[PDB]
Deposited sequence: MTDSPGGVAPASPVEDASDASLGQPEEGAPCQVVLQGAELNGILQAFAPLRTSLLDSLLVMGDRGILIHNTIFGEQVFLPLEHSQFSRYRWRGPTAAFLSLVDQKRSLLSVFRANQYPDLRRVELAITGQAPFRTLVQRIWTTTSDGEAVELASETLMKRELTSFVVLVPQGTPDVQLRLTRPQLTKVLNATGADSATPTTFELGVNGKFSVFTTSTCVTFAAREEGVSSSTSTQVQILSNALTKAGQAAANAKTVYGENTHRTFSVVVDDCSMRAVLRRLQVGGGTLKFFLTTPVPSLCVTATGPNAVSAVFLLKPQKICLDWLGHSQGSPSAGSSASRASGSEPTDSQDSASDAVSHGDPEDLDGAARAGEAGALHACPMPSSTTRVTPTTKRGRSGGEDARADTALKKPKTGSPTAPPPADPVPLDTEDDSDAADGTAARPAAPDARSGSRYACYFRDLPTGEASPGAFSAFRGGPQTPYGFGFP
């Protein structure tokens, strides 16, 4: 048996695929990092940070012996370790495995694939098997602590927030919450509001109680959150820090998320 083992099969592989289907080849270039807690995918889109965590709970079987490991998704700058989950590229899947080998400073991941064969006998797609070495000296910065305020939007609501921001640095936008739960965003033009709770314009969340204002010259939101194809999703503010930032998450275990750096207006 391999020293480290990961398996997706059946509904679990049906799950991960169900999770990945909306990603739309955005994440395929990425850092992939691995531990006992699961798999984490990381990439920058238009400069802003993007992540997809996958907890060990989503895997049919798992292991993790050795330090954290880190890979780049792109294999030989052409194929990728995530290509498997671009669901229309392989409608035929039945199992996928990851295994790791080599000692802790210089490991290698191997990825293996099996498919339907007019029957469930799971023939191996041997030619498609992938190998990728560990990054020797990677450094990646990741979220920490807890969001200070959370707000929960449906697909209509979140898209209308994207409508409510201006499109570029020539059209800066301010996100706000006013006292007694008046969430808002505006861009001189394109002013909108949602009524917070701890029907169309109501928003649910946590720590909704605190009033604040943050402004954004960054163009990114109109592009990033569209091309991760967000459905329903949460705003998760990190408002407290000298520079605040906003994690906008999706919904379901496809919790693909992007963190937007804001103006440090005191």
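Enquirer: Quick one: where does the model skip the deposited sequence?
Expert: Several stretches lack coordinates - namely 1 to 27, 226 to 251, 320 to 488, in sequence order.
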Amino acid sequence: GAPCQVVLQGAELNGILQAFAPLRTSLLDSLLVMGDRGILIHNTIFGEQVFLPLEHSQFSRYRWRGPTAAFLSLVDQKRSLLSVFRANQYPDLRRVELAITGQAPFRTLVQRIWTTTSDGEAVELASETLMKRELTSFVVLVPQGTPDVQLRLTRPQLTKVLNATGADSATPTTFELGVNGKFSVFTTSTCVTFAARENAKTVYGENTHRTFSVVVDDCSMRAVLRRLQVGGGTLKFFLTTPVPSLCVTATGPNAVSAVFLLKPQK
From here on, numbers count along this sequence of modelled residues.
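Whichever C-alpha set is largest while still superposing within 1.5 Å between the two forms counts as the rigid core.
Enquirer: Which stretch is more displaced from the shown form in 4 other deposited structures of this protein, 61 to 69 or 203 to 211, with RMS over structures and residues of Cα positions after a rigid core fit?
Expert: Of the two stretches, the larger average C-alpha offset in 4 other deposited structures of this protein falls on 203 to 211.
Enquirer: Which of these two stretches, 250 to 258 or 18 to 26, has the larger RMS Cα offset in 4 other deposited structures of this protein when the rigid core is kept aligned?
Expert: More C-alpha displacement in 4 other deposited structures of this protein shows up in 250 to 258.
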